[PDB]
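Asker: sharing an experimental structure here, sequence included.
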Amino acid sequence: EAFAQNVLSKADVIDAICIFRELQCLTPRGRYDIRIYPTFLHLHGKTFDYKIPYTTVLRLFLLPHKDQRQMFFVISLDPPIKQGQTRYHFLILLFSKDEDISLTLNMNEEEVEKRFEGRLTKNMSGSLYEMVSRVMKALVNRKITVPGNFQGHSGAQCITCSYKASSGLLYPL
DNA sequence: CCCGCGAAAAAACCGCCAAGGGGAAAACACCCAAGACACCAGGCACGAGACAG
């Protein structure tokens, strides 16, 4: 804080709409902060960084976990973000239902009303996954797909099955 | 039906295979396995309980 104050005392600072710090990502793997912009999102990592325009997004999927304790937030990309010799077709995020948050936008009330048409507010609070879903919806306009009318025998909304030498969850959307 | 329907001499220009299907070698990528890098979250240590004792 002292260094920041010393910097501000000499600089003339004039941005991101909202910044989520450290969100459990599964594809790619690791903790990544997410900065929101009017036309894209900056996925900042401890080493690698990516920038996904909203024009590249195709679908947003919000799925529950088999144990009913976690939430999967999937973003379908196009073109896929590239990293050396690998291309990711989906951005997967993992959240916990008991992981709340309180966010405040970097905009004013009237500007938010004009931009998001009242879909968002200057200050919000609620579950982390709910907040991310609401923000991404208000940004992309695409509706977030949710599980259908399927309910497995174990009461879960998916089936545990293998695929390409790897276990995982299959959701009938 | 078969066969014939004059001796010839000179010149010129046009006629100059193309496809469908089978096979060989090559790359072209899928699948599988193993190593090395980023990192993150799980154990250890410490404070601060607090709650039975």
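Answerer: Done, it's in. Numbering: from 1, shown residues only, chains lettered A, B, ... in the order given.
Asker: which strands or helices does the top strand by length along chain A pack on?
Answerer: For chain A, the longest strand by residue count, based on DSSP state E, is strand A:70-83. In terms of contacts (3 or more CB pairs under 8 Å, 6 or more residues apart in numbering; DSSP states H and E), strand A:70-83 is packed against strand A:49-53, strand A:57-64, strand A:86-96, helix A:128-140. All C-beta atoms are positioned from the backbone trio N, CA, C, and that covers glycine.
Asker: element containing whichever residue of chain A sits closest to DNA strand B, please.
Answerer: In chain A, the residue found nearest to DNA strand B is residue A:30; the distance is 2.6 Å by CB to the nearest atom of the strand. Using DSSP states H and E, residue A:30 sits in strand A:29-36.
Asker: buried ones in the longest strand of chain A, by neighbour count?
Answerer: Using 16 or more other CB atoms under 10 Å as the test for burial, strand A:70-83 gives A:70, A:71, A:72, A:73, A:74, A:75, A:76, A:77, A:81.
Asker: kindly report the same for stretch A:6-15.
Answerer: So for stretch A:6-15, nothing qualifies as buried (16+ other CB under 10 Å).
Asker: put the alpha carbons of it into PDB.
Answerer: Extracted as PDB, the C-alpha positions of stretch A:6-15 are listed here (Å, rounded to 0.1, in the frame of the first residue of the first chain):
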ATOM      1  CA  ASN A   6       4.100   6.700  -3.400                       C
ATOM      2  CA  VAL A   7       3.400   5.900  -7.100                       C
ATOM      3  CA  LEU A   8       0.000   7.700  -7.100                       C
ATOM      4  CA  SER A   9       1.600  10.800  -5.400                       C
ATOM      5  CA  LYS A  10       3.700  11.300  -8.600                       C
ATOM      6  CA  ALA A  11       1.600   9.700 -11.400                       C
ATOM      7  CA  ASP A  12      -1.600  10.900 -13.100                       C
ATOM      8  CA  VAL A  13      -3.700   7.800 -13.300                       C
ATOM      9  CA  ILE A  14      -6.800   8.200 -15.600                       C
ATOM     10  CA  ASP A  15     -10.400  -0.300 -17.400                       C
END
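Asker: strand partners (parallel or antiparallel) of the longest strand of chain A?
Answerer: Strand A:70-83 pairs in its sheet with strand A:57-64 (antiparallel), strand A:86-96 (antiparallel), by DSSP bridges.
Asker: okay, the ones you listed, which one's buried deepest?
Answerer: Each of the strands paired with strand A:70-83 was scored by mean neighbour count; the highest is strand A:57-64, a mean of 18, by mean count of other CB atoms under 10 Å.
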